[PDB]
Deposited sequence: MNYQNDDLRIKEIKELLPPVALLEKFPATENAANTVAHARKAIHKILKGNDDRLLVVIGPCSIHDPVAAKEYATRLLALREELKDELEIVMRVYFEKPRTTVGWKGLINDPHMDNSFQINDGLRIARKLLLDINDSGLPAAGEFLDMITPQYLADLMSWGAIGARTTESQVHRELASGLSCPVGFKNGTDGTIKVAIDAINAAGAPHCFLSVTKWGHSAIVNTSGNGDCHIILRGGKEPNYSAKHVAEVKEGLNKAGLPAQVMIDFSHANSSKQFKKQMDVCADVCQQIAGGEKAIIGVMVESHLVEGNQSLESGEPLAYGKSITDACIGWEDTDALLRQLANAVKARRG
């Protein structure tokens, strides 16, 4: 038996009762979902920008970040639908700290019940300020505690091909983006969109902390996220291949480009050069780039498991580069529209 311990877990209803969505928060989520929805459905020419830390490890810095990006959101609101990256669970290449929910105190105490309280509280506050949130849905149980406060979800490169994750995505209430695979493979994400578009029947855990059988309807609001592979995949020809690829699979030829991870070749400031290309293509009149993803924090760089506004997982651009980038992208959209 390779189970050392079983410890009790507060059900989703405990967290949803202790921290109910406020009316303003319920409204943030609703609008961001239908805004992201029309960006996908043609209807609105703005760019979805999902940006924020690689991981949330500090609610204080999280909130300082939030107020600064909410400011920029209201400014750039006519060009950009800015959603903040509030990533609570992190996929490791082997082992490592898996995010705030799993180990809030960053010493290996795994106080997951606190992790969940802290996480839902923070997510409530940010959404209540009027700023929408985005998260990676990695774990299969935590979605119930958080999904109602999320306006967009990502399925990571390491899990796009997983049927379990494509099943989860077909019953989420928010739009979802599928990262291409670690090696560059586009085909797994394309399949994943088609798979998540269908109804599925599977086993999941209810708001009451009990397993049950779930039938989903399928999620039409899914799109690919170009995130690099063995080499970058943000460029025009790459984008072109993915567009004819997506049209051959029967799906809207529209992409979100992630400036980070393998697209910034692990070189975070390169995120701005990726930005320069994408902005040059947006400004060039490239309709299909529907959204982008960027990893920023208050201070650039990263640490390892302690500084204040700096990432403890992936390296991010800091706030002045963030502001700059966001301005570029908006100007590029402006140019694209007229």
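Missing from the model relative to the deposited sequence are positions 1-7, 313-317 (no C-alpha coordinates, numbering from 1).
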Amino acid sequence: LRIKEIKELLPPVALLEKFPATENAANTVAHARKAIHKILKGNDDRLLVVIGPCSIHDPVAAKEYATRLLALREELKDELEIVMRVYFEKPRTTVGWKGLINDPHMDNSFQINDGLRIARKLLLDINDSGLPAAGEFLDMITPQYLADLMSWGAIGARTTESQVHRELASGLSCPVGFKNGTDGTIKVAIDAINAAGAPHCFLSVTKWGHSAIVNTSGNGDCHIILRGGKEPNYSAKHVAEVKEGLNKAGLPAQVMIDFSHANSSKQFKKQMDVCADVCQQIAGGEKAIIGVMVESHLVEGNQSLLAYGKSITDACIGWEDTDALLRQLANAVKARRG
From here on, numbers count along this sequence of modelled residues.
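Stretches compared: 42-50, 290-298. Higher mean C-alpha B-factor in the entry: 42-50.
Averaged over their C-alpha atoms, the temperature factors of 276-284 and 51-59 are higher for 276-284. Across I312, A32, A26, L70, the entry's maximum B-factor at the CA atom is seen for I312. Of all the options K207, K243, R166, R117, the entry's greatest CA B-factor is assigned to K243. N247: CA B factor lies in the highest third for its chain, per the PDB record. For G229, the recorded CA B-factor ranks within the highest third of the chain. Only modelled residues enter the ranking. In the PDB entry, a CA B factor belonging to the highest third of its chain's modelled residues is recorded for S265.
Ranked by C-alpha B-factor against the other modelled residues of its chain, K237 falls in the highest third.
In this PDB entry, the Cα temperature factor of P12 sits in the middle third of its chain's modelled residues.
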